[PDB]
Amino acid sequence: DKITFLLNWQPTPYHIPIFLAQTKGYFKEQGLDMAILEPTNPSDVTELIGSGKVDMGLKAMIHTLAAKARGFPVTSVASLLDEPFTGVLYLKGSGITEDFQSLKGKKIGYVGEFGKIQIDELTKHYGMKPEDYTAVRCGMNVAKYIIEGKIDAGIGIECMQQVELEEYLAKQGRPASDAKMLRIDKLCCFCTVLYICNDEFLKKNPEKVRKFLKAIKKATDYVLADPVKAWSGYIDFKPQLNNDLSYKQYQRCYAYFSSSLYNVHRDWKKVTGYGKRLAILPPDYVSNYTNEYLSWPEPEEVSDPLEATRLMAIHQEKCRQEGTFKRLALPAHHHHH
């Protein structure tokens, strides 16, 4: 009667709400016995949860969509990390540039399956063809392989892998700005990180899932309210995260955490479209999420998505150079009709 929860990755700073929910006893106060597990290989994750072998866990939006398409019955019941900047990371001097064509003849790292597909597909739109480049499967070590020169560039998230590149550059006395990204968010939200359930587990235990999300919500509020105290609680439990890199990653992630846990209807509509178009998704495919098990009201709708993206970009820079914890203040949406 323990409930298996499988992370999408080795412990990261953004996993803080799950671990705090455990260590602070919020799961216990809901009468839940969670067994948090960590994958050795992120690609095992959708298959294990989809097949019922694991009850719940986390995976990105693009992968959660493709999971149902490939016949793994999973449903997103909430959102953890909202729309982090994803792209092809590289160091200045790679010599890769904003010219997508500069990827020609380069070794490019992707984590598992979908990213490669993502680049296979972008080449056609830039007059390139696979293989004008060599794709290299890297699992959880994309950043590491860029730093070690085993690849020229690689796919990653701004608040995780980019921060790893920047910390390396700092050790070399090079400026942070030498860590550059070719954003895919402008070639979005594929890499939103979701709480997902096995479909039959969800059918059979809706009350437990609802209680889970309450515990998570309590921990998420704590982390947003008191990030510093939260962090020290986390790294006492998970000493592997007790370093400056993890802490910096944590600060960059702060602005991306979902405060309401709601699945964003627009984000899914966008991503389902993109995926449908890439033959990953059947033409009649329906988005596999629900907000039924969230026990609190939903917030006002997304405004100026490009505006927010631009504003977020600016915000994340201030975060890097100031070392702060600030949520992106957002002007509410004006309806002209």
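A residue's number is simply how far along the shown sequence it sits, counting from 1.
S.K.: Which class fits the unmodelled deposited stretch between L187 and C188: none, 1 to 3, 4 to 9, or 10 or more?
M.R.: Per the record, 4 to 9 deposited residues are absent between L187 and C188.
S.K.: Can you tell me which stretch has the higher mean Cα B-factor, 304-312 or 52-60?
M.R.: Between 52-60 and 304-312, it is 304-312.
S.K.: So, looking at the entry's B-factor column for Cα atoms, which has the higher mean, 22-30 or 267-275?
M.R.: 267-275 has the higher mean C-alpha B-factor.
S.K.: Of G149, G154, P130, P239, which one's C-alpha B factor is largest in the deposited record?
M.R.: Highest CA B-factor of the listed options: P130.
S.K.: Among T134, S79, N198, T220, which residue carries the highest C-alpha B-factor recorded in the PDB entry?
M.R.: Of the options given, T134 has the highest CA B-factor in the PDB entry.
S.K.: By the recorded C-alpha temperature factor, relative to the other modelled residues in its chain, which third is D226 in?
M.R.: It falls in the bottom third of the chain.
S.K.: Going by the recorded CA B-factors, say which third of the chain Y254 sits in, lowest, middle or highest.
M.R.: According to the entry, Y254 has a C-alpha B-factor in the chain's lowest third.
S.K.: Quick check on the deposited entry: does the C-alpha B-factor of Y247 sit in the lowest, middle or highest third of its chain?
M.R.: For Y247, whose C-alpha B-factor we compare with every modelled residue in the chain, the answer is the lowest third.
S.K.: Going by the recorded CA B-factors, say which third of the chain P42 sits in, lowest, middle or highest.
M.R.: According to the entry, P42 has a C-alpha B-factor in the chain's middle third.
S.K.: Going by the CA temperature factor in the PDB record, which third of the chain does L261 belong to: lowest, middle or highest?
M.R.: Within its chain, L261 is a lowest-third residue by C-alpha B-factor, going by the deposited values.
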